[PDB]
Amino acid sequence: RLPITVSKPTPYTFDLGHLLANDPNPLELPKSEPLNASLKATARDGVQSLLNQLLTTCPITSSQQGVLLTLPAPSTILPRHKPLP
Amino acid sequence: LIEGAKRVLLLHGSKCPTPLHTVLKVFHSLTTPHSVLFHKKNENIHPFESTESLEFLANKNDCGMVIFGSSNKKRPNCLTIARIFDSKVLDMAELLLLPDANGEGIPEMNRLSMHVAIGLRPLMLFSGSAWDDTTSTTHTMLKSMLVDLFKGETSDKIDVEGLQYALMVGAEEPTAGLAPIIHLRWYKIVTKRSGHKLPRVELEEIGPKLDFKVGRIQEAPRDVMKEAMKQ
């Protein structure tokens with residue numbers, strides 16, 4: 001009886017290899033609400049969406065050593081610290 | 001050669017404002033064990049003047065990022081983030097810490113939360129249109145920096161029990177004549193029975209509440225960035 005789906009006008013995108021979601025919808029900060037409350041509401045929708053995505057699209061492996069998700073390769077490319085060999 | 005976690009130097013001087021020092025301690029905790037916190041007791045560096053000392057300290061500590069806290073009249077409560085590629089600064093950005101509305105201030109702390117284990121990878125959430133704007137050089141840089149900073153040691157597996165907390169980086173919608181504002185907030189993830197297979201998420205606010213105005217930006221030269229981006 002608690003809704004776990006998240007509907008926004010524009011879809012989230014994801015980089016699950018970095019445990020990451022993007023919410024490209026405008027950050028809604030109505031002046032009449034405290035900043036932290038506004039931020040928290042958007043965070044909750046986004047983390048819901050991210051967790052939904054992790055649990056539904058990543059293989060789940062259970063063993064006697066616990067339960068793990070297999071993550072896809074990270075898609076965000078980041079600069080190196082040191083040159084390639 | 002696959003690099004492990006990008007090591008982070010957290011740096012401040014003796015007259016660093018306490019709230020900024022708290023932020024550095026929390027950042028040091030979040031990036032443990034691939035980070036070093038150093039109290040530079042001699043005098044103050046100024047990376048936008050010269051990056052020599054920043055590079056020297058980063059290399060000495062084998063760090064690929066430096067987070068530096070400083071404050072003066074013109075740039076109060078400044079957090080400077082630099083990346084290092086091939087022993088030289090790559091890109092740099094200043095983040096100017098803004099006052100909270102109530103005027104509470106950041107509580108003293110040494111870690112994000114007693115209920116979040118030190119060293120866990122965060123869930124990350126980038127919210128707001130600006131992150132999806134490929135023409136915003138500032139948000140492009142900051143997203144790259146913040147993922148690079150907090151991704152930890154990436155791996156293709158994660159314990160479901162490790163999915164404990166999140167960082168949201170909220171980009172306030174841009175206004176034509178104003179420097180961008182970004183908001184960092186951390187949350188403990190609370191999962192409860194929903195009636196569905198998937199759990200319902202609720203959040204608890206944890207750690208320092210950070211609001212920043214973007215200050216100076218130092219882009220990497222085009223050719224150098226292209227070199228650093230070779231995978």
# chains A, B, ... in the order shown; residues from 1 in each chain; ligands from 1
>>> interface_residues(of="chain B", to="chain A", cutoff="7 Å", atoms="only C-alpha atoms", output="PyMOL selection string")
chain B and resi 1+64+84-86+123-129+131-132+144+148+151+154+156-160+168+170-173+194-195+198-203+228-229
>>> write_last_selection(atoms="N, CA and C atoms", output="short mmCIF file (atom, residue, chain, number, x, y, z; two decimals), in the first residue's frame")
data_model
loop_
_atom_site.label_atom_id
_atom_site.label_comp_id
_atom_site.auth_asym_id
_atom_site.auth_seq_id
_atom_site.Cartn_x
_atom_site.Cartn_y
_atom_site.Cartn_z
N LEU B 1 46.11 -0.86 -17.60
CA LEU B 1 46.28 -0.62 -16.17
C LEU B 1 45.04 0.09 -15.63
N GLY B 64 45.51 11.98 -6.35
CA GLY B 64 44.99 12.51 -7.60
C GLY B 64 43.97 13.60 -7.49
N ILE B 84 44.66 16.08 -10.25
CA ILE B 84 46.06 15.96 -10.68
C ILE B 84 46.14 14.91 -11.78
N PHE B 85 46.77 15.24 -12.91
CA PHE B 85 47.04 14.24 -13.92
C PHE B 85 48.51 14.37 -14.29
N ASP B 86 49.25 13.26 -14.28
CA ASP B 86 50.67 13.25 -14.65
C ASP B 86 51.44 14.33 -13.88
N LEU B 123 25.31 5.67 -2.80
CA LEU B 123 24.45 5.92 -3.94
C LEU B 123 24.59 7.40 -4.25
N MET B 124 24.58 7.74 -5.53
CA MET B 124 24.67 9.13 -5.94
C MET B 124 23.49 9.55 -6.79
N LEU B 125 23.06 10.78 -6.57
CA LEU B 125 21.92 11.33 -7.31
C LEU B 125 22.28 12.75 -7.74
N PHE B 126 22.33 12.99 -9.04
CA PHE B 126 22.50 14.36 -9.56
C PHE B 126 21.16 14.87 -10.06
N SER B 127 20.61 15.87 -9.37
CA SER B 127 19.28 16.38 -9.70
C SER B 127 19.35 17.81 -10.20
N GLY B 128 18.47 18.09 -11.16
CA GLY B 128 18.37 19.41 -11.74
C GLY B 128 18.73 19.38 -13.21
N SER B 129 18.18 20.31 -13.98
CA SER B 129 18.39 20.31 -15.43
C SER B 129 19.85 20.56 -15.80
N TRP B 131 22.71 19.50 -14.95
CA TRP B 131 23.60 18.36 -15.16
C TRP B 131 23.40 17.73 -16.51
N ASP B 132 22.24 17.99 -17.13
CA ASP B 132 21.90 17.43 -18.43
C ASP B 132 22.17 18.42 -19.56
N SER B 144 31.89 15.69 -13.00
CA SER B 144 33.01 14.81 -13.23
C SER B 144 33.82 14.72 -11.94
N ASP B 148 34.20 11.47 -9.44
CA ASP B 148 35.57 11.02 -9.29
C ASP B 148 35.95 10.97 -7.81
N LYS B 151 33.36 8.12 -5.85
CA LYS B 151 33.07 6.78 -6.39
C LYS B 151 33.78 5.67 -5.63
N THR B 154 35.67 1.45 -7.35
CA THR B 154 34.56 0.87 -8.08
C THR B 154 34.78 -0.63 -8.21
N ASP B 156 32.50 -4.43 -9.67
CA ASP B 156 31.31 -4.92 -10.36
C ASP B 156 30.36 -5.69 -9.44
N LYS B 157 30.66 -5.72 -8.15
CA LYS B 157 29.78 -6.36 -7.18
C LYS B 157 29.50 -5.42 -6.01
N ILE B 158 28.33 -5.54 -5.42
CA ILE B 158 28.07 -4.84 -4.18
C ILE B 158 27.08 -5.63 -3.33
N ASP B 159 27.42 -5.76 -2.06
CA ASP B 159 26.55 -6.40 -1.08
C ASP B 159 25.27 -5.58 -0.96
N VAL B 160 24.11 -6.23 -0.98
CA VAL B 160 22.85 -5.48 -0.89
C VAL B 160 22.79 -4.74 0.45
N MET B 168 23.01 13.36 -2.61
CA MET B 168 22.39 14.11 -3.70
C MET B 168 23.17 15.38 -3.92
N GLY B 170 22.34 18.61 -5.83
CA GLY B 170 21.26 19.32 -6.48
C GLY B 170 21.79 20.58 -7.10
N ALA B 171 21.57 20.73 -8.40
CA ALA B 171 21.96 21.97 -9.09
C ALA B 171 20.76 22.90 -9.14
N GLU B 172 20.83 24.03 -8.44
CA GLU B 172 19.74 24.99 -8.51
C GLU B 172 19.58 25.43 -9.97
N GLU B 173 18.35 25.55 -10.45
CA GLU B 173 18.12 25.96 -11.84
C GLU B 173 18.82 27.29 -12.10
N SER B 194 6.28 -2.22 1.59
CA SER B 194 5.43 -1.43 0.73
C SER B 194 4.17 -2.16 0.31
N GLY B 195 4.21 -3.49 0.41
CA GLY B 195 3.17 -4.32 -0.15
C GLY B 195 3.62 -4.88 -1.49
N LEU B 198 9.42 -4.70 -4.38
CA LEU B 198 10.39 -3.64 -4.12
C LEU B 198 10.03 -2.85 -2.87
N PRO B 199 11.03 -2.52 -2.04
CA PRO B 199 10.79 -1.73 -0.82
C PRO B 199 10.51 -0.26 -1.12
N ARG B 200 9.75 0.38 -0.23
CA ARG B 200 9.53 1.82 -0.26
C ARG B 200 10.71 2.52 0.39
N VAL B 201 11.23 3.55 -0.25
CA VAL B 201 12.33 4.30 0.34
C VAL B 201 11.86 5.52 1.10
N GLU B 202 12.44 5.72 2.27
CA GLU B 202 12.31 6.99 2.97
C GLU B 202 13.74 7.38 3.33
N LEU B 203 13.96 8.67 3.57
CA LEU B 203 15.31 9.16 3.85
C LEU B 203 15.41 9.84 5.21
N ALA B 228 44.38 12.82 -20.51
CA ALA B 228 43.95 12.24 -19.24
C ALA B 228 42.72 11.38 -19.39
N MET B 229 41.97 11.60 -20.46
CA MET B 229 40.74 10.84 -20.68
C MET B 229 40.96 9.55 -21.47
#
>>> atom_distance(atom1="atom CA of residue 209 of chain B", atom2="atom CA of residue 107 of chain B")
9.4 Å
>>> residues_around(residues="segment 22-31 of chain B", least_positions_apart="4", cutoff="6 Å", atoms="only C-alpha atoms", output="VMD selection string")
chain B and resid 35 110 to 112 119
>>> select_by_dssp(residues="chain A", states="strand (DSSP E or B)", output="list in words")
residues 13, 14, 15, 20, 21, 22, 23, 60, 61, 62, 63, 66, 67, 68, 69 and 70 of chain A
>>> write_last_selection(atoms="N, CA and C atoms", output="compact mmCIF listing (two decimals), in the first residue's frame")
# COMPACT_ATOMS: atom_id res chain seq x y z
N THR A 13 17.94 8.95 -15.74
CA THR A 13 18.88 8.05 -16.38
C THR A 13 19.84 7.53 -15.31
N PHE A 14 20.66 6.55 -15.66
CA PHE A 14 21.44 5.84 -14.66
C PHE A 14 22.84 5.51 -15.13
N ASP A 15 23.73 5.43 -14.16
CA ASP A 15 25.06 4.87 -14.36
C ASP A 15 25.28 3.93 -13.16
N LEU A 20 24.73 5.27 -9.53
CA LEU A 20 24.38 6.67 -9.79
C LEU A 20 23.10 6.84 -10.61
N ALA A 21 22.28 7.83 -10.21
CA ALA A 21 21.13 8.23 -11.01
C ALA A 21 21.19 9.71 -11.30
N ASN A 22 20.61 10.10 -12.43
CA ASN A 22 20.47 11.47 -12.82
C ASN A 22 19.01 11.78 -12.88
N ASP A 23 18.62 12.84 -12.17
CA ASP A 23 17.28 13.40 -12.28
C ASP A 23 17.35 14.72 -13.06
N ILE A 60 21.13 -10.70 -9.14
CA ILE A 60 21.30 -10.85 -7.70
C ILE A 60 21.83 -12.25 -7.40
N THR A 61 22.95 -12.34 -6.70
CA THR A 61 23.57 -13.61 -6.38
C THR A 61 23.52 -13.87 -4.89
N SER A 62 22.90 -14.99 -4.50
CA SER A 62 22.89 -15.36 -3.10
C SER A 62 23.78 -16.56 -2.90
N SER A 63 24.55 -16.51 -1.83
CA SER A 63 25.42 -17.60 -1.49
C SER A 63 25.45 -17.72 0.02
N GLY A 66 26.47 -14.31 1.57
CA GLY A 66 25.62 -13.14 1.49
C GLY A 66 24.93 -12.93 0.16
N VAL A 67 24.45 -11.71 -0.06
CA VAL A 67 23.65 -11.42 -1.23
C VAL A 67 24.22 -10.22 -1.92
N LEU A 68 24.61 -10.38 -3.18
CA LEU A 68 25.24 -9.26 -3.87
C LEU A 68 24.57 -8.95 -5.21
N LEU A 69 24.71 -7.71 -5.65
CA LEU A 69 24.29 -7.31 -6.99
C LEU A 69 25.50 -7.30 -7.89
N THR A 70 25.31 -7.70 -9.14
CA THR A 70 26.34 -7.48 -10.18
C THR A 70 26.04 -6.19 -10.90
>>> select_by_dssp(residues="segment 55-117 of chain B", states="helix (DSSP H, G or I)", output="ChimeraX atom specification")
/B:55-60
>>> write_last_selection(atoms="N, CA, C and O atoms", output="PDB file, in the first residue's frame")
ATOM      1  N   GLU B  55      50.590  20.988  -6.144  1.00  0.00           N
ATOM      2  CA  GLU B  55      51.110  19.843  -6.889  1.00  0.00           C
ATOM      3  C   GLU B  55      52.143  19.095  -6.084  1.00  0.00           C
ATOM      4  O   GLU B  55      52.120  17.861  -6.044  1.00  0.00           O
ATOM      5  N   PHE B  56      53.047  19.831  -5.435  1.00  0.00           N
ATOM      6  CA  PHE B  56      54.073  19.201  -4.617  1.00  0.00           C
ATOM      7  C   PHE B  56      53.461  18.322  -3.512  1.00  0.00           C
ATOM      8  O   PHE B  56      53.870  17.169  -3.323  1.00  0.00           O
ATOM      9  N   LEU B  57      52.459  18.849  -2.805  1.00  0.00           N
ATOM     10  CA  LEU B  57      51.842  18.105  -1.708  1.00  0.00           C
ATOM     11  C   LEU B  57      51.010  16.938  -2.245  1.00  0.00           C
ATOM     12  O   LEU B  57      51.020  15.828  -1.676  1.00  0.00           O
ATOM     13  N   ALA B  58      50.313  17.157  -3.361  1.00  0.00           N
ATOM     14  CA  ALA B  58      49.539  16.059  -3.948  1.00  0.00           C
ATOM     15  C   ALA B  58      50.467  14.909  -4.354  1.00  0.00           C
ATOM     16  O   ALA B  58      50.233  13.752  -4.007  1.00  0.00           O
ATOM     17  N   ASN B  59      51.568  15.230  -5.035  1.00  0.00           N
ATOM     18  CA  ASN B  59      52.474  14.164  -5.470  1.00  0.00           C
ATOM     19  C   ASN B  59      53.153  13.447  -4.318  1.00  0.00           C
ATOM     20  O   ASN B  59      53.285  12.208  -4.317  1.00  0.00           O
ATOM     21  N   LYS B  60      53.568  14.221  -3.321  1.00  0.00           N
ATOM     22  CA  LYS B  60      54.217  13.655  -2.145  1.00  0.00           C
ATOM     23  C   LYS B  60      53.317  12.619  -1.447  1.00  0.00           C
ATOM     24  O   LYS B  60      53.792  11.593  -0.940  1.00  0.00           O
TER      25      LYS B  60
END
>>> atom_distance(atom1="atom CA of residue 69 of chain B", atom2="atom CA of residue 21 of chain B")
7.1 Å
>>> atom_distance(atom1="atom CA of residue 212 of chain B", atom2="atom CA of residue 150 of chain B")
17.3 Å
